[PDB]
Structure formats: C-alpha cells, structure tokens
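# Coordinates in review
One-letter residues, chain by chain:
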Amino acid sequence: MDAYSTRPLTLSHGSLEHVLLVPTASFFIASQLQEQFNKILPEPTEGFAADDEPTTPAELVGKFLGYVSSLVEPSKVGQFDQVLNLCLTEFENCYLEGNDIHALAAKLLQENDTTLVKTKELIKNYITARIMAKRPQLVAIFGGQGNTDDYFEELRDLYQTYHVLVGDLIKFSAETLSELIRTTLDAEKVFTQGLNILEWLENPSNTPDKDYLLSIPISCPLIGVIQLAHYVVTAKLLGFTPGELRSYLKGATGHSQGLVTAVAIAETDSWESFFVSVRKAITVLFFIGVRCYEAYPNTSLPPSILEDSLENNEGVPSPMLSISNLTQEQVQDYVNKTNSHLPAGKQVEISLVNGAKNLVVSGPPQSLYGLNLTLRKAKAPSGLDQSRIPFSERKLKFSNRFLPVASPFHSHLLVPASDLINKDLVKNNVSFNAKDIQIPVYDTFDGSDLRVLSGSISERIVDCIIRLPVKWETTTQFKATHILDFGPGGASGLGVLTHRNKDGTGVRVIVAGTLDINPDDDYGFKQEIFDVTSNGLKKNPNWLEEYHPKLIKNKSXXXXXXXXXXXXXXXXXXXXXXXXXXXXXXXXXXXXXXXXXXXXXXXXXX
C-alpha cells in the first residue's frame, strides 16, 4: 500500500503475497494510534506521534509491526515474520542507503524538526525492527562522579533505547552484582536498597531513593555500567569489537572513578574477553564503595545546618565541595584558616585539581561548611563593583555549590580500607592486571603507560583514587585529533571540562545523547557517519606570525595603526603617514568644510 496521513510514501506491490497481509498491517496502521493522530496534523502540525518527517510513517509501520510481531526467534507466521523485511528493505533504500541513521538522526534534527526524543525514537523503531528475525587519532576518556545527578535515569533511558545492544551485559552484570552482595559478608547489611538493578529498570515505581541512589555502594559500580553500556553500542552499532575499538586509539585516559575501565579497555581482545574485562571493572568497583563506607559512612546532618546550606544556595551539604572562577592558593590560605583549629579527624583537604580555575575540596561536611563561612567572607555578593576600579579592591565571584557525592573521595581520612581491599582484591583471581595493556592508559597522576608492575596494578588503582589529587591538565598531555569521552552522561559530565582546559586542540566527542549544543564538543552522530569530519582549529598554529615576498615586493602593510585625539589634527601627522605607518585623523572643530578643505591639503602633501 502506502504511507497515508498527509505525508506520502508508497509500499511496493509484491504481486499478491504481501498485499493481502498489507491489510493485516496497513489497516492495523489504520489503528487509532494514527487516526486520532492525523486531526492534530492540520492546525498544530505534526504535534504528537505523527509524520514529523515524511518517513516517520515508515518507522511506525516498521516498529508497530515489530511490536506485535513474532517477538521471539521461534517466529510466528510471515505476517509477523517477513512482511516486516520487505517493508524494511524498501525502507532501507528509501531515505538512508545505509549511512548509519544516527547520521540521519542529525539529518532528522537538521532537515526535519528538532525533537530529540522523537529523533531518538525512530532509531529504536529502526534498530529493534532491524534485528527482529533478520539483519544482524582517538583518545578514550572515562568519567567519574561527574556533573550528573542521576547516573541511572541516564542508564534507564539507554537500555530503553537500545534493548538489542545492552541486554546481554544487563543480564551479565546485574547477575554478578546480585551475587556480589552475598559473596562478602558485612555487605548485605549495607544494601537495604536492594541491588536488583535489572528490576529498577522495568520497575522504577519502587525505584531506589534518588539521594540514596547517589550513595557510594549503589553508584560506584554503577558508573562502570553506563560507560560499558556505551562502549558496546560503540562496538555493536559500528559492528566492531572492543578489540576492534581498542585498535583505533591513542589515549584511553579515564577519570578517577573511570580509571578502572581504562585498564579494562586496555585489555579486551574479544567479546568473551570483554566479560572478564567487565569482571575486571565491577569486582574492583563493587568492593570499593562498601569498604570506604565502612571506613566512613554518610553523616546524617542536623537540620539547622540543613537550613543554612540552602540559604547560601550552595545546595545539599554533601561531603564534597567545588569552587570555580578563581586562581589557586587563596582558598588554600582559607583552608589553613579553617584547619588552624580543626582536629586532624576533622581536617580539610583540597581534593581535585581539574581545571586551572576550578578546584574541588572534600572532607567532613561541617568543616566544609566551616569553609563556606570564610568563603562567604571576602565574597563579592554579585553586586557591581567591576565598574569601580576592579583590579585593585573588588571582591571576587565564585561558585560555592556542592557535589552529588556521598563519600569524601581523594581524602586523607579515606586511608585504611584502601589497604584492606588490597587483600580483598587478591582473594578472587581478577587482580592480575597483566601486560595486556595495549594502548598506554594514562594514569590520573603522572600519566605513564601503567604497565609499570611492581604495582600489582589494582592497588595503585586503589591508591590513586582515595589518596591523591588528579591535576587533570597535566594528566591529559594529548597529541590527539579527537577525544572520545565515556563520562556519566550529558554535556556536563567531564566532556566539556577537557575542552574547558585545552583549546586549539581536538574536537572531543561524548558518547551520551544524540543531542548537540554547538560546534564545541560535537558528538552522538559522528561515531559512524561519512564524508564530513570536523576540525576545531589549533588557535595558535593557525593565525600566528608572518613574513614573505610579494607579487610586487610588499607586506601585509607594515603592522602598526596609530591615531591620537589631539596629536592627530594637522598636516604634521601626515609626515608619519608619509613615513611608514597607518595614520588616522579626525574631529577638528568645524564639521563643515574645515578638515575637509584641509583634507585635500592633507592629501596633496600626503
């Protein structure tokens, strides 16, 4: 038949073996999901689930047929098995000719309308419909504790979009994690939000409490999941292996919480070597969050400090604190001003050195709240005094907001369980971390190859997290062209922060989202497009110094332009103009005829 409803696309008549099962489908695409949906097409045009691109009918035909389909590989009869496929292949030659419809999703955002969730839907309406019964320089960066408040609604949408591409590891890792809680004692009495992570996907009505979903022994292994769930679609929808993906690299430099996958992605040969490489990550990550919680748990705060925290609008008073928009060491004075009197058990330490202007400080929260007092001291109240001699006396502008982090990471109170887990890592045969590092994974601090064993590597992996800062600019050190990031979702979690650091450099890419914002850190669709690479220019190599030899011996003309305000009002400045410079002269009393009759007199003698 055809795609009806104000946007036409025919369906080829296959001479009477489809076109009697086409009324099984087309009159079922005459369902009320399209026929209460085409009256909204005239006045609020393509408002809701109808025809926003001319092939939006071709996917809802293709998806709804796949949704009431055979639905299991022991397939139902051809109306739910094969009339998809001829409709698929006719769709496959209709608008895409291949070319990886994520690229057409950018061409769905640009050529047709800007509805990302409808842009995202048709891929799911392609991919599950595709797999149904048939049709089967680079730097990597992982993230950690990033600018993300969910870590899971990000993930829950990812499994909802690509059920084909994650459901194996979803089945893999949640099984291990539901077994990981039992295997160590004194962990079962920590996880009273019970760790059936698979359940929370299909059942978020009794989801984990979102604040307790931000907690350490629910989230620290969970961050490894989303980068894994993004690594597999990077393999599967490119049709590659991670061993194929580990070939085309130059970097593999993960964050503090994400260094574990950087080691795990340094060593991943094939898809069965993938899962032990998963088991590298999760079994490292799972034992981390529980023991530091046993080393130090969440302090439930008295409600007066709950008040004053949000009065300054820094947010939830969690034991981790960030500052932006300053140079260094001024805060370090104020740390000393706090730690002049505070106990060693209540000491304050600057944690992370990400960003030449930004800093992160963790510690016991009241002490970090105590820092916020002298942060409020000497603070500009965001009233205007830059217009009154700014670079002599003006107080400075900050961002004293907190972090969604349950534990004081990179601290000096998180010493002992890091030494305890070293026994707990060699208990079960995953702590090898051999010479199978192919690409040199840069360390967070002093970013070596990491295959400098005499580390028994997953102790330095422990040691780099809660003992030491990051110093992220020195960490990076890239002779790169682009950077893939696998941070915890969005254009907020450490994707921009690399770009915020270095400029004149790569065109850094983040796996999450088919969205974009602007040509800053473009992403999503470039993973498998064609014929249009980008290149964020080296604003240093480009537009620098100059010297030459012209067509007729001249330059571009002697770089100096000068213009006074009283000393540019005669024939006198026309001698320097007669010399070797650019002279600009105006504003000479009488607007009429003065410096006008004089202009030719400034021209004849020019």
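Residues numbered from 1 in each chain as written, not as in the entry; some residues may be left out. Part of a larger assembly, values for the part shown. Heavy atoms only, no water. Residues with missing side-chain atoms left out of burial classes, pairs and counts.

Structure determination for the deposited model, as stated in its record, used cryo-EM, and the stated resolution is 5.1 Å.

### Comments concerning the overall build of the chain
Within the chain, the secondary structure is distributed over 24 helices and 10 strands. Over its C-alpha atoms, taken along the principal directions, the chain stretches across nearly 95 × 75 × 50 Å. (Helix = DSSP H or I, 4+ residues; strand = E, 2+ residues; numbered from the N terminus.)

### Concerning the packing of helix α16 (residues 330–339) against helix α17 (residues 365–376)
Two numbers describe how α16 lies on α17: the axes approach to 10 Å, and their chain directions differ by 125 degrees. By the angle between their axes, α16 is oblique relative to α17. For the pair α16 and α17, the crossing hand works out as right-handed. Every residue of α17 that contacts α16 at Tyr 334, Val 335 and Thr 338 is listed here: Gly 370, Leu 371 and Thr 374. Of the residues that constitute the contact of α16 with α17, the class distribution is three nonpolar, three polar and no charged. (Axes fitted to C-alpha atoms, helices over the stretch in contact; angles between N-to-C directions. Parallel < 35°, antiparallel > 145°, perpendicular 65-115°, else oblique. Left-handed = near helix turned anticlockwise from the far one by under 90°. Contact = heavy atoms within 4.5 Å. Nonpolar A, V, L, I, M, F, W, Y, C, P; charged D, E, K, R; others polar.)

### Observations regarding the sheet that holds strand β4 (residues 320–323)
Spatial strand order, β4-β6-β5: three strands in an open sheet with antiparallel pairing. The open sheet has two edge strands with one neighbour each: β4 and β5 (349–352). Mean inter-strand twist for the sheet, computed between neighbouring axes without regard to direction, equals 40 degrees. Where β5 meets strand β6 (residues 359–362), three bridges bridge the pair, whose relative direction is antiparallel. The partner of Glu 349 across the bridge, within β6, is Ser 362. Against the sheet, α17 touches β4 and β6, its axis set at about 25 degrees to β4. (Pairing = 2+ DSSP bridges.)

### Observations regarding the environment of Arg 135
Within the secondary structure, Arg 135 sits in the loop between α6 (116–131) and β3 (138–142). Taking the C-alpha atoms as reference points, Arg 135 and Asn 85, separated by 50 residues in sequence, lie 8.8 Å from one another.

### Quick word on the packing of aromatic side chains
On the basis of an interplanar angle of 25 degrees and a centroid distance of 5.4 Å, the ring pair of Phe 37 and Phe 48 is categorised as stacked. On the criterion of sequence distance, the pair formed by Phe 37 in the loop between α2 (32–35) and α3 (56–67) and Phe 48 in the loop between α2 and α3 is long-range, its members being 11 residues apart. Among the aromatic side chains, those forming a connected cluster through ring pairs are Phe 142, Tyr 231 and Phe 486. (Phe/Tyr/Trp six-rings, centres within 6.5 Å; stacked < 30°, edge-to-face > 60°.)

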